[PDB]
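What follows is calculated from the coordinates using simple rules that are stated; it is not laboratory data. So basically every Cβ, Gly included, is an ideal-geometry build from the backbone, and we count neighbours across all protein chains shown.
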Amino acid sequence: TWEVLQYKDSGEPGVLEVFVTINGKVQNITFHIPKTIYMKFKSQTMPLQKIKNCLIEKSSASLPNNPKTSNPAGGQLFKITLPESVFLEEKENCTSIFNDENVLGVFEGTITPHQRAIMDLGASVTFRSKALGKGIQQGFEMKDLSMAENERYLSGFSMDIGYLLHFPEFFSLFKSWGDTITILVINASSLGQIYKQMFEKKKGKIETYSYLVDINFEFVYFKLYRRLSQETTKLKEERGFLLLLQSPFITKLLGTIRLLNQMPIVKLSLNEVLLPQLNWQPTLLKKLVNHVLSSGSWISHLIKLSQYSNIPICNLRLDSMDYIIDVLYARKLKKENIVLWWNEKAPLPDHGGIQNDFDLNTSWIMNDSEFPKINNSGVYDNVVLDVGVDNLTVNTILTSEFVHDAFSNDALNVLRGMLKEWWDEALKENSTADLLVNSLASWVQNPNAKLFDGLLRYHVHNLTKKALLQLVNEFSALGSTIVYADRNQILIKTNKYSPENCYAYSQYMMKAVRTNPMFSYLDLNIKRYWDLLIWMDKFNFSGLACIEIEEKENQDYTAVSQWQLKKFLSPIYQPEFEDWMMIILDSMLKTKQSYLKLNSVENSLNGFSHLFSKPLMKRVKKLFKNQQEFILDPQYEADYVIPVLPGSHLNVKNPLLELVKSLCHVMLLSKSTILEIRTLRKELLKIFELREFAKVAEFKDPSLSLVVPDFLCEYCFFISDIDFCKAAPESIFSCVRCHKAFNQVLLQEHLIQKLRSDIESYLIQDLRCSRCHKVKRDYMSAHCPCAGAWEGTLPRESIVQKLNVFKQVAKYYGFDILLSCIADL
Ligand SMILES: [Zn+2]
Ligand SMILES: [Zn+2]
C-alpha cells in the first residue's frame, strides 16, 4: 500500500511519474497508462486493419443525446484500448483506422493518462505482482495489475515544509525548521510585534496545529534577483518535504526555476493582491503572518479533504470543489456503462466533434436564462407574511427518443442517487458533505467546470420553474394571495387583520408546506409581518411592519419608505413628497384603526382622503405661486434643476406636475376608493390650466430596466438577479446577504456578454407575416401567399432603446471596457 502525493504526466506519451511515499521517505516511480477512446465507425462492417496491435471490442454503451443528432443510424459502437505511442506514430499517416470513411467521431479522445490514473487508481495504490526490481528500474505497467485499497487514513504526517510567496518585488520564503526570514527588495520591530501579537491572538489554533507545523525568528530585508535559484538549490540538497506556493503567476514561477520540477509541490493560489501605494509594510506584514500561521489550518483542511475524497495531496485546491465532484461522478459513470463525454481546456461537452457546429436549438437553449416573476400591485389592509425559500435547487433535483431536447435520464437518476447519499451523509455530522452539497448548484451553473453540459442546465432551470409554480399553486389552495414571487422571496396575503392572531396560522401553514413530500427539503423562514402595505413594485413600497409578534405586549411597529421614484423629482419638492407620504400613511393607519374599533369595497380605508384634502389644496396653491414667481430667477434656478439618472427617458418641464402626478398615482393603487381619488385628482388638476384626460397629465415609469440574471456570490453560493438601472448604489457592488464587495470587471464582462447575446438573438430572429401570423417557411419568397409583407419578431426600436440604455449605464459609472466595446461597433 502506498499513499500517492501527486500524479504528473511525462514528456513521453503513456508515461507518468508520481512522488509517492514508501515505508521510508518519499520516492518517485515511473508509470505506464494506456489510452482508451470511443468510436462509431462504419454501419456494421468495417475495414478492420487488425494487423495493427490494438484491442477492439463492440459494446452497447449509452451515447449523449445531441438535439441536432436526431438520427440513430448505425449503432455499432466500438471500444478501443490502444497505447499512446502507436496512436502518435499512426496519427502521422492518413490511411489509418481513426481517419477513414463513416467516422462519426471520437468520444474519449481528450482524457489524458493523468486523469485516467487519478480516477481509476486514486491515491491509494499498491502492488499485487506475486519482477519488482525490473519494474522499479523501468516503468511498471498498470493495465494488467491495478487495484485501489481503502483510504480511511493517508499517513502519519511528520515531514518538513516549504514556503514560496509573491505579492505584486516581494518574493517571500520561510522554512519550518529554519530560523531566519529574508525579504527581497522600523520594519523588523513591526515584524516582531506583529508576530507576537497575533501569536497571543491565535494561541489556541497554534497549539492545535503545532503537530503539523511548529517561535520567534530573525528578520532581514534584502543582482538580488538571482538568489531564488540559490535558495531552491540549497533547500533541495539540504532536505529531500512539500512546498507551499502562493502567487498570481504560478506557471511563470514554475517556468523561471528549473529545480521546481524535482519536488512534490502543493499550490495555494489566492491571487488579486494589490498595494495601497502608501504604508504597505503593515498590510504586507499582516498578509505574511496570517498566511504562515494559518497554513497549519489550511493543510489540516486539505488533509481532511484528500483523505475523504481519495485524491492525492497535490491534485487538490482549497477553492477547487468542482474537481472532486467531477472525478467522483466520472468514476461512478465509469463503473456504469455510460460514455463520460469528458472535456479539457474547452467549456463544451464532447459529442464526437459535432458540438463545434452552430445549431439553432442549442443557441436558443444557452441564452434563455431569464426567470419570470409575479407582481400584483395594490393596497392591502390585511396582514402580509414575508417568507424566504432556501435550497430550492437541491429539492427540485431530488424530488422530480420522441423529445430531442431531453437530457439523458440515466445520468439524471445517477446524480439524484448521488445527491441522496450526499444528503444522508451530510445529515450524520459531515462538514465536507454539507459544503459539497452547498457548492453543487454553483457547479451546475458554472461552465468552466469540466463535464459541463447546457442541456442539463436548461433541464434543471425548467424543473425549478415548474417547482416554483407548483409551490405557488399549493400556497394558493388555502386562503392566501400571492403579492410577489421569486426564487428567494415570497409575499403572501393573510386573510386575518391582526398580526397577533397569525401565530398558529402561519406556523401551521409552514408545517403543512414542509410535510408535503414534494417540499420535504425546503427551508422556510419568516422575516417580517406587514400591518398595512402600499405595494407597487419591489423597489417601490411603503408600510408599517413588525419584526416578530410577541406575547402579552404590543408589537414594535417601524415604518419604512423605499421609493426610487423620489430620486426623479426636483431637489425642492422631495421634502414635500416625503412629508405628504408620511401624512397619508398615518391617515390610512388612523382610518383602518377606527374601522376596526367600530366592529370590492372595504370600509377599512374608505374615507381617508377627507382628513387632508383642504391643506393639500392650499399647499399646492402656494407651491404653484412660488414656482411661478421664482422659476426664471437666475440665483433661484439651482433647486429647479432636473436630476439625470441612468435609465431615464422622460423629458419634462414643470416639476410640480410630476410631483402631483406621483402623489396621485401612489393614491390610485387603492383599487377600492377609485372615485374619491379621481375627484381629488381632477380638483388638483384644476389648479393647473389642464383637463382630466390630457396626455400631459398621465403618469409613466420615469426609469427603464436593465437586469442581469443569475449573478453568483462565491462567498455565499447565492443566486439572484441585479438591476443596473432601478437598484440604488451600495447594492450593485455588494452581495445581498453578505456585505462583500463584488469584482467590477466581472460585472462589466457580464454586461458585454448580455449585449452581444442580445445582438446575436436579434440577428437570428424569424419572420412573421402581417395579416396572418404564420411563420415564413420559404428560404426566398416575395411575400405571403395571401396579402401582407413579412415583419421581424424582434422590432428595431426595442434593441435601439436597449443600446441607448447601455450607453447611459456605461456613462453613469466608470466602465472603460464597456465604452471600448461599444466604440468598436
Ligand atoms: Zn455574498
Ligand atoms: Zn399572410
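On a C-alpha basis, how far is the centre of region 679-751 from the centre of region 286-347 in Å? Whole number, if you could?
40
Can you sort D100, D486 from fewest to most other Cβ atoms within 10 Å of each residue's own Cβ? Don't jump to the answer; show the numbers that get you there.
Details: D100 14, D486 18.
Ascending Cβ contact count within 10 Å gives the list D100, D486.
Kindly state, to the nearest 0.05, the FRET efficiency for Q49 paired with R317, given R0 = 51 Å and r defined as their beta-carbon distance. Display every interim value, and only then the final one.
On the way: r = 44 Å, r/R0 = 0.85.
Efficiency, from the Cβ-Cβ distance: 0.70.
What is region 529-613 by shape, rounded, prolate or oblate, if you read a ≥ b ≥ c off the alpha carbon gyration tensor as root eigenvalues and call it rounded for a/c under 1.5, prolate for a/b larger than b/c, and oblate otherwise? Spell out each step's value before the answer.
Values: a/c = 2.11, a/b = 1.36, b/c = 1.55.
Since a/c reaches 1.5 but b/c is at least a/b, the shape of region 529-613 is classed as oblate.
Simple spin-label model, 7 Å along Cα-to-Cβ: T481 to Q574 in nm?
3.3
Give or take rounding to whole Å, what are the principal axis extents of the alpha carbon atoms in the chain, in descending order?
105, 84, 59
Can you classify region 403-508 as rounded, prolate or oblate using the Cα gyration tensor, where a ≥ b ≥ c are the square roots of its eigenvalues, rounded means a/c under 1.5, and otherwise it's prolate if a/b beats b/c and oblate if not? Don't skip to the answer; put the middle values down first.
On the way: a/c = 2.74, a/b = 1.71, b/c = 1.60.
Verdict is prolate for region 403-508.
Considering only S604, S587, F688, whose Cα is most displaced toward the positive end of the charge dipole of region 574-704, charges sitting on Cβ of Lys, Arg (+1) and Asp, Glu (-1)?
Sorting the options by dipole projection puts first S604.
Which value results for Rg/Rh of region 24-66 when Rg is the Cα radius of gyration and Rh the Kirkwood radius based on the inverse mean 1/r?
Details: Rg = 17.8 Å, Rh = 14.8 Å.
Taking Rh as the inverse mean 1/r over Cα pairs, Rg/Rh reads 1.20.
Hey, if you put +1 on the Cβ of every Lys and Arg and -1 on every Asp and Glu Cβ in the chain, which of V20, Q246, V103 ends up farthest toward the positive end of that dipole?
With unit charges placed on the Cβ atoms, the residue in question is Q246.
Can you give the FRET efficiency for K807 and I374, using 1/(1 + (r/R0)^6), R0 = 35 Å, r = Cβ-Cβ distance, to the nearest 0.05?
Numbers: r = 31 Å, r/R0 = 0.89.
E(calc), rounded to 0.05, equals 0.65.
Counting other beta carbons within 10 Å of each Cβ, put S155, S210 in order, fewest first. Mind dumping the intermediate values first?
Values: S155 14, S210 11.
By the 10 Å Cβ count, ascending: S210, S155.
Over region 59-166, one equal point on each Cα, no solvent: what is log10 I(q)/I(0) by the Debye formula at q = 0.18 Å⁻¹?
With no solvent term, the Cα-only Debye profile gives -1.17.
With the Cα gyration tensor of region 388-429 in hand, give its eigenvalues times 5 under a square root as the equivalent ellipsoid semi-axes, listed largest first in whole angstrom.
Details: eigenvalues 126, 43, 5 Å².
In descending order, the three semi-axes are 25, 15, 5 Å.
Just grab the label-to-label distance for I642 and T399, each label 7 Å out from Cα along the Cβ direction, in nm (one decimal).
Rounded to a tenth, the inter-label distance reads 4.8 nm.
Taking region 766-819, which chymotrypsin sites (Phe, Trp or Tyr not before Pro) meet the DSSP loop condition and have no more than 14 other C-beta atoms within 10 Å? Show your work: numbers first, answer last.
Values: sites: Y779, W790, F806, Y812, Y813, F815; in loops: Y779, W790, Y813, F815.
Answer by residue number: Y779.
With +1 on the Cβ of every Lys and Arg and -1 on the Cβ of every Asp and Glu, and nothing else charged, how large is the dipole of the chain about its Cα centre, in debye rounded to the nearest 20? Can you show the working numbers first?
Details: 93 positive and 91 negative charges, 120 e Å.
Here the size comes out at about 580 debye.
Taking the Cα-to-Cβ direction at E500 and at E429 and moving 7 Å from each Cα, how far apart do the two end points lie in nm?
Placing both labels 7 Å beyond Cα along the Cβ direction yields 4.5 nm.
As a footprinting exposure proxy, order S129, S600, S662 by other Cβ within 10 Å, with the fewest listed first.
With the sparsest Cβ surroundings first, the list reads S600, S129, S662.
Based on alpha-carbon atoms only, what is the radius of gyration of region 573-684 relative to the globular estimate 2.2 N^0.38 Å? Please list the in-between numbers first.
On the way: Rg = 16.8 Å, N = 112, 2.2 N^0.38 = 13.2 Å.
Relative to the 2.2 N^0.38 Å estimate, region 573-684 comes out at 1.27.
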